[PDB]
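See structure below.
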Amino acid sequence: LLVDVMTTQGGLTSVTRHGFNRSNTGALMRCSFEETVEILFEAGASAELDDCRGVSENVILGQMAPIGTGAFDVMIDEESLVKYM
Amino acid sequence: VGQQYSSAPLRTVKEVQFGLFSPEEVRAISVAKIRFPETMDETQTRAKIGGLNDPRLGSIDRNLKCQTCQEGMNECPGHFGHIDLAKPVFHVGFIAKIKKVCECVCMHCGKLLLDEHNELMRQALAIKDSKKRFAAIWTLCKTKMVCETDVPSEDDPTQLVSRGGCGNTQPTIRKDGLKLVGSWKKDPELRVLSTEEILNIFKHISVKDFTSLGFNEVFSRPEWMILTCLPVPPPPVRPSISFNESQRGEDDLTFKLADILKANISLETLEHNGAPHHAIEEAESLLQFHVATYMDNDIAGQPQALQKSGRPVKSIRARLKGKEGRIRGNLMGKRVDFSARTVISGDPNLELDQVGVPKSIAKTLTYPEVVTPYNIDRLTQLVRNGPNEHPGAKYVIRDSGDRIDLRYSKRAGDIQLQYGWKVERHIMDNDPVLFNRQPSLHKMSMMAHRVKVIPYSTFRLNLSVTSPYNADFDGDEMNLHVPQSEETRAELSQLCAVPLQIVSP
Amino acid sequence: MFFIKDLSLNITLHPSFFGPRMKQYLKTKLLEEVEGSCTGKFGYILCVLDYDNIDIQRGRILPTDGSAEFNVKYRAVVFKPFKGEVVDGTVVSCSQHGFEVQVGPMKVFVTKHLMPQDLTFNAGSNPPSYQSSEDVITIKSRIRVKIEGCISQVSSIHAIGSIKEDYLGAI
Amino acid sequence: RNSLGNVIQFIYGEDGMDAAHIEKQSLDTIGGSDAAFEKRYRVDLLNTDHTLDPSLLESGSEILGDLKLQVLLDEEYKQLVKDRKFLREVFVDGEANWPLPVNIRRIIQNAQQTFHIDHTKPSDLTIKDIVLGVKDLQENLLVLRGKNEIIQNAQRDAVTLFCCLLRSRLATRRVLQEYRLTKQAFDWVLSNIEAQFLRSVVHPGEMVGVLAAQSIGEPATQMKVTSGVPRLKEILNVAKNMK
Amino acid sequence: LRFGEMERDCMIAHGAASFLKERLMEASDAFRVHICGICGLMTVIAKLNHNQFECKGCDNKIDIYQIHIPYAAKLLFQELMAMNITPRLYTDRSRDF
Amino acid sequence: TXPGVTXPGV
Amino acid sequence: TXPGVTXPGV
Amino acid sequence: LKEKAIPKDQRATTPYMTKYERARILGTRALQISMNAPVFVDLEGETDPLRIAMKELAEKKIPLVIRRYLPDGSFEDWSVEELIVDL
Amino acid sequence: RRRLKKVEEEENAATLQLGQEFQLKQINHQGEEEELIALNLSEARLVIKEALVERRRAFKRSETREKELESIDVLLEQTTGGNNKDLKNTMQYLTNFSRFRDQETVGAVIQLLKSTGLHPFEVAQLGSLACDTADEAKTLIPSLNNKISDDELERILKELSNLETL
Amino acid sequence: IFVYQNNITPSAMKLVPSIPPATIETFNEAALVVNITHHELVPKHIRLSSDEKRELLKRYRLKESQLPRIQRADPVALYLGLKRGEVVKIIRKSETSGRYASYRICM
DNA sequence: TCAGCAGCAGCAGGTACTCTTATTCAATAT
RNA sequence: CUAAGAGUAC
DNA sequence: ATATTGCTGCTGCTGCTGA
Ligand SMILES: [Mg+2]
Ligand SMILES: [Zn+2]
Ligand SMILES: [Zn+2]
Ligand SMILES: [Zn+2]
């Protein structure tokens with residue numbers, strides 16, 4: 001998995017602020033690693049839109065990340081609930 | 001009380017849309033115009049109207065409500081103000097971007113130097129990533145120094161097609177500190193590019209031109225990179241943490257905003273009274289320096305704007321960056337409640353998934369249990385026992401939000417529990433608790449144990465479980481976290497339990 | 001004018017209410033909330049159509065809360081006034097400044113500036129009414145009015161109409 | 001996938017298996033000599049060069065000379081030879097011990113200890129039963145549930161090495177002679193292999209990125225040519241010039 | 001006690017989303033804030049006593065939402081606004097995944 | 001770089 | 001260039 | 001949502017309940033029981049909400065459905081009744 | 001889009017600017033698109049009556065102007081409770097200014113207006129206002145200018161006057 | 001395909017892109033002495049047709065950019081003459097499963 | 001159709017946790 | 001508040 | 001007499017005649 005992440009862009013992407021952190025993966029989760037304020041300024045100037053799919057975005061917003069137990073939605077079924085009694 | 005009922009619908013944030021403030025939006029959202037640098041009036045007992053602590057921006061005293069929303073300091077978010085700048089100034093974080101944009105656009109007519117007629121511009125404009133397209137457009141249009149009012153025809157390089165070019169020579173632009181100096185190639189003419197003319201030439205860029213440069217028509221236009229109206233944060237952003245028990249101590253941002261107001265007033269008076277261009281330029285440079293150091297005090301090359309006390313001023317950028325800044329020090333990782341820490345000792349007589357908890361720690365940490373018909377009797381008994389003896393309850397959270405402290409409540413007599421109330425009670429045996437050793441390098445260093453109350457001052461754990469924790473008993477300390485709801489409790493027992501972590505991935 | 005429109009409403013149910021009659025509770029709570037309501041987005045909402053089977057959907061549990069959020073969709077009959085539209089009504093009140101005409105659930109105010117010159121107000125005629133040389137418009141009189149203004153309140157939509165136009169007035 | 005939805009791996013670990021459910025096991029086809037291979041697996045009903053003892057199973061005195069059963073044995077042994085060639089292509093050094101999800105040896109031992117295999121009574125199994133049961137168990141090991149050619153091919157490719165292990169262990173000669181399974185014991189073994197394989201599949205929602213990062217970082221803390229932390233730093237930080 | 005970054009990473013690895021959310025919000029700082037629907041800014045005057053909600057600048061009074069975010073997040077957004085950046089928070093998807 | 005690991009440059 | 005990123009030239 | 005919802009006849013996900021799904025189902029049901037939700041199983045004297053929810057899951061009387069989200073935004077609805085709890 | 005602040009054209013029925021939420025086509029709850037059915041006063045009254053009687057039946061399982069007013073008031077008090085002063089006023093208005101009586105005449109009117117093939121808002125306006133002549137109809141409803149021929153307009157308004165039964 | 005001894009003058013490199021759909025690919029003899037695809041580290045690369053790419057994107061519900069990338073200067077990409085937008089299936093000898101099939105889109 | 005060369009300048013730095021100690025002057029004017 | 005120093009377990 | 005102010009890590013261009 002590590003070497004697949006490092007080579008998935010067609011070249012050797014280092015684990016450094018000049019490597020993985022330069023992708024277009026979301027401003028809020030990119031700024032949480034390094035170069036926070038510069039990333040925010042560039043996102044403001046370019047008007048980037050954050051889909052809030054990352055773990056870091058929901059951690060910042062204090063909401064259940066779509067990971068592990070949050071990777072799905074639990075819903076009540078009216079018909080089954082009536083069916084039980 | 002927390003926060004009371006609000007009729008507004010409750011949703012979760014799905015998308016964050018970044019951008020830049022337009023001056024008119026800043027003037028629209030603002031609730032007050034700030035004009036005086038004094039925080040307090042001449043009586044030194046009230047908040048000056050129009051000053052930096054305007055009551056319309058939020059209350060600076062607990063005994064008084066916000067003048068705008070009529071809510072206490074608990075509820076009021078704070079409301080922004082605005083300073084109307086005498087002259088435009090550069091945004092310190094966008095000086096390089098402003099330089100690139102003005103280097104990509106004709107400095108006279110506000111049109112991009114190389115239109116689609118050029119061979120390489122089809123390749124450059126076909127780039128879909130906004131940031132890569134700008135890089136290409138810059139690295140191909142930085143070398144052109146004429147507006148090219150007439151260009152060869154695209155069909156064949158024989159006849160000439162005349163576009164809307166103005167036929168002027170573009171200058172070579174460098175930065176000398178906080179200012180951009182342009183040397184026009186001699187048709188050299190070296191002069192400082194006034195932010196007025198840069199703002200004007202940015203405002204003439206066509207929508208198609210700056211939307212090809214990566215900007216947005218709605219959320220961030222290039223001309224909004226120039227500051228003409230400063231948003232003033234409310235006092236919540238910059239609180240006066242007076243620790244002298246009588247003397248108010250203002251935040252660095254308040255002092256910087258006072259300096260900005262002083263420079264703005266000085267420049268306004270100099271312009272109104274008439275003065276030689278030298279003094280006007282000096283005042284303008286001072287205003288630019290104060291604004292830039294307010295937004296970012298770590299500017300390379302320039303000397304730091306020292307605080308009153310001679311120390312460097314803490315700017316907003318310094319407040320945000322660092323392992324101890326907002327992101328890495330208050331959002332990604334923060335201090336939490338319902339936690340304990342103490343020395344650990346081994347116990348061969350404990351089960352693998354058990355942890356021995358000191359009695360005083362068990363009395364301090366509590367779990368809120370919802371009163372139910374199935375547990376009314378034992379919760380009532382714990383409330384009767386009180387908080388001074390274990391097992392017992394420390395608080396009773398009523399449905400109305402009032403919190404009955406069991407200390408000083410025996411005076412009122414016995415409390416009758418109602419279904420739906422909460423009893424915040426001491427953690428008893430068989431409670432799932434997260435248990436951690438701080439140099440946490442993998443998941444198995446944060447497994448979940450079952451509480452066993454013991455009569456001493458050390459956490460007690462099985463010998464076998466010390467290997468995943470990498471913990472000895474030569475003085476090691478470990479931490480304990482108590483879940484506060486049934487969902488967290490359930491997933492902590494069903495996912496992070498010690499037996500489930502025996503075989504590691 | 002009267003229409004029927006597709007509307008959706010979000011209802012949150014507490015955990016204690018998930019009994020076998022949950023569908024009945026949701027159907028009743030859609031009523032008493034949007035029945036006979038007044039909004040600027042859809043004007044009036046008088047009644048719900050197709051009450052036999054209202055589309056309630058599944059219902060998602062709000063995490064950490066236990067309450068369930070249902071997005072219930074339905075048909076609702078609405079009455080939205082429109083600028084530039086002619087509608088009938090019954091005169092119910094009159095004054096120096098104008099007169100009020102009941103149309104459905106709403107009141108339309110016709111000002112004195114929008115009556116013909118000979119149709120002047122007069123308090124001598126009982127009730128004080130807008131009278132001309134050929135007819136009088138007193139209380140409980142049918143009238144056609146062309147609406148030209150609308151201002152929206154939560155509890156009462158307000159409208160301003162006119163009766164100067166040709167063949168506008170008493171039928 | 002990452003947050004953008006980009007595919008990192010089209011199936012996790014190229015097998016879709018949870019790491020905690022993997023144990024080291026030996027592939028018996030890849031190793032050994034050709035004579036040992038034929039003595040281990042080759043069975044011939046028509047000739048006496050590789051015939052099987054009729055006392056091994058109840059029908060051993062009646063299946064002798066059968067033709068359809070011989071066809072099944074021929075295709076089984078051809079599949080085994082193909083598996084040996086494939087495994088030797090995959091693993092150049094010839095190493096036989098590799099981590100795989102389901103431990104067959106323990107299942108066989110459990111069946112032997114549970115049903116009281118007396119090792120003297122002739123086996124109740126029939127050869128057709130063994131061959132068809134193994135062939136069906138191969139088809140019951142589902143990782144991907146899709147219903148198109150792409151997903152079917154991915155599923156078939158995702159279990160090929162475990163299927164090689166399964167054919168290596170549950171061969172006709174090995175079942176009848178070395179282990180001496182009965183009918184019920186063989187059916188029980190098949191059921192448990194299927195259940196354990198379906199239980200060893202990775203769970204969606206697993207945060208494998210953080211798990212991999214921690215599983216690499218922690219041994220580094222526990223830690224001619226450079227090695228150790230400096231070499232790890234040289235690798236992760238893709239450096240043009242190294243020592 | 002500091003619930004650091006790598007503690008959060010361990011809890012992510014465990015897959016316990018709700019426990020992490022409860023640690024970062026209910027145990028440390030949970031703050032309710034009202035946001036506009038036309039704009040994503042927190043510039044909503046909310047007089048809860050009189051049941052009034054008004055975003056000056058958009059001239060709306062009927063399209064307001066409330067969210068629960070850490071107070072540190074509110075401070076970060078206000079500091080970004082003070083630094084001429086608009087972190088608009090929207091509660092619906094304008095783009096498909 | 002950085003600091004650490006200015007810029008570059010500056 | 002610059003420096004950085006003399007001139008060119010000098 | 002009509003386009004997003006994969007029809008029930010051609011769901012392509014595992015019929016087995018994942019560990020995270022089981023943990024969240026137990027947590028959600030225990031939280032609802034703690035807030036006086038009606039119980040769908042007969043109690044043998046147990047008072048802990050978590051073990052009540054465990055008993056409900058053992059004999060499949062939990063009226064909840066999992067909405068499994070595919071990475072493209074589409075989802076499949078699997079009722080707790082039809083999910084096989086092998087773990 | 002998600003424009004910060006919002007600019008839009010002002011509502012004007014005479015210009016046929018009904019509004020952003022009252023456009024020609026509306027997506028139904030079934031996922032497809034339908035024409036915005038604009039009910040005239042009689043059709044809307046019949047729809048209200050159908051809805052109320054169906055609600056009465058569903059609750060159960062689990063003419064002169066005086067007597068119609070009594071029936072609507074009794075059934076209204078039986079069906080719905082509070083916050084119905086608006087509904088009471090609407091229903092008494094509907095029974096007071098009603099142009100058509102029963103299902104047959106409203107079906108005839110709607111099929112006639114369908115044969116006219118005009119805008120749903122415009123056909124609802126035509127059915128709501130009991131006009132007499134041609135130019136009078138054209139000036140009552142400004143959207144009628146050069147949409148249907150004079151002979152067809154005159155004849156169809158004549159069947160509006162004829163089907164104006166009781 | 002053009003094969004040269006040492007180098008191509010830039011005055012000819014500029015005119016190498018001819019009138020479409022004719023494409024000129026230049027290779028060096030020194031770079032073609034050893035067939036890189038025969039190295040054991042190099043797995044099997046199979047170019048996909050347009051219909052195969054469409055089926056691949058349909059079955060996995062992918063967009064164009066959600067696939068792993070291969071540069072249009074990679075030695076195997078030059079060897080197979082990949083053009084941008086074309087997807088190569090990579091067959092690999094995995095050690096957890098016998099066979100693993102990945103996909104890379106040319107860029 | 002090809003052979004030879006140069007210029008510069010910038011700081012911080014793993015994860016938790018405990019404790020103690022000291023904290024910017026002088027002159028002018030109201 | 002800031003700064004500095006001595007540490008404890010890795 | 002009291003308050004205001006003066007070790008580690010990179011980044012990029014300009015220019016032909018002669019022989
Ligand atoms: Mg130790
Ligand atoms: Zn306020
Ligand atoms: Zn120009
Ligand atoms: Zn707004």
Side-chain angles (χ1 to χ4, degrees), chain B residues 3 8 17 19 21-22 24-26 28-32 47 53-62 64-81 102-115 141 144-151 162-171 184 197 200-202 204-206 209 219 233-237, chain E residues 31-50 52-66 74 78 81 86-91, chain I residues 2-6:
Chain B
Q3 300 207 35
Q17 174 64 73
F21 263 116
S22 81
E24 57 269 14
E25 190 169 10
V26 179
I29 62 155
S30 86
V31 290
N53 288 8
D54 209 6
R56 285 172 293 182
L57 311 190
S59 64
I60 59 170
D61 184 2
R62 174 53 260 187
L64 278 81
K65 311 283 189 184
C66 172
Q67 188 161 293
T68 300
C69 65
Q70 276 81 25
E71 299 276 4
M73 292 180 75
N74 190 10
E75 286 280 334
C76 172
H79 324 273
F80 278 55
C102 71
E103 185 177 1
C104 292
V105 169
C106 173
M107 299 302 306
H108 183 103
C109 81
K111 192 172 73 159
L112 198 150
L113 279 71
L114 298 164
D115 282 344
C141 306
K144 174 62 69 174
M145 275 82 74
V146 62
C147 187
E148 289 286 348
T149 190
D150 205 338
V151 291
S162 186
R163 66 182 182 178
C166 73
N168 285 118
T169 70
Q170 271 57 55
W184 275 260
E197 82 179 359
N200 193 4
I201 194 66
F202 275 18
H204 283 302
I205 294 172
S206 79
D209 276 337
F219 299 109
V237 179
Chain E
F31 181 84
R32 185 274 308 295
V33 66
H34 286 90
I35 57 170
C36 182
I38 309 298
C39 71
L41 303 176
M42 303 174 303
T43 58
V44 174
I45 313 176
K47 309 193 183 186
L48 298 177
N49 48 358
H50 317 144
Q52 295 176 0
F53 295 99
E54 192 275 331
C55 175
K56 191 184 180 180
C58 304
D59 199 2
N60 61 5
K61 288 180 266 232
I62 48 162
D63 192 71
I64 311 300
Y65 305 112
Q66 65 172 339
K74 191 270 287 180
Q78 280 188 333
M81 291 164 72
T86 55
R88 305 179 190 282
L89 313 175
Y90 288 112
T91 65
Chain I
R2 199 168 273 153
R3 303 263 172 292
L4 63 91
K5 95 180 174 54
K6 183 171 71 70

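Numbering of ligands and ligand atoms starts at 1, following listing order. Chain letters run A, B, ... following the sequence lines, proteins first, then strands; residues in each count from 1.
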Check whether [X] reaches the backbone of [Y] with its side chain - one donor and one acceptor, N or O, closer than 3.5 Å.
| X | Y | value |
| --- | --- | --- |
| B/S30 | B/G81 | no |
| B/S59 | B/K65 | no |
| B/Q17 | E/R88 | no |
| B/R163 | B/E148 | yes |
| E/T43 | E/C55 | no |
| E/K74 | E/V33 | no |

- Message: Nearest N/O/S atom of B/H79 with respect to the Zn ion (ligand 2), by atom name, please.
- Response: NE2
- Checking side-chain contact (heavy atoms from CB on, under 4.5 Å) for the pair B/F21/E/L41: CA distance, chi angles, key distance, verdict? CA-CA 11 Å; B/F21 263 116; E/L41 303 176; 3.7 Å; yes
- Is B/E71 salt-bridged to E/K47, cutoff N-O under 4.0 Å?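 Not counted as a salt bridge, because no side-chain N and carboxylate O are separated by less than 4.0 Å.
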- Rounded to 10°, the SG/B/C76 to the Zn ion (ligand 2) to SG/B/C66 angle comes out at 110°
- Taking C-beta and beyond as the side chain, do E/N60 and I/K6 meet within less than 4.5 Å on heavy atoms?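 Heavy-atom side-chain distance check fails, nothing below 4.5 Å.
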- Sort by chain and number the protein N/O/S atoms that are closer than 2.8 Å to the Zn ion (ligand 4), and list them.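 Hits for the Zn ion (ligand 4) below 2.8 Å: E/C36 SG, E/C39 SG, E/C55 SG, E/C58 SG.
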- Task: Spell out the protein N/O/S atoms under 2.8 Å from the Zn ion (ligand 3) as residue plus atom name.
- Result: B/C106 SG, B/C109 SG, B/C147 SG, B/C166 SG
- Message: Are there over 12 heavy-atom neighbours, none belonging to B/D61, within less than 6.0 Å of that residue's CG?
- Response: yes
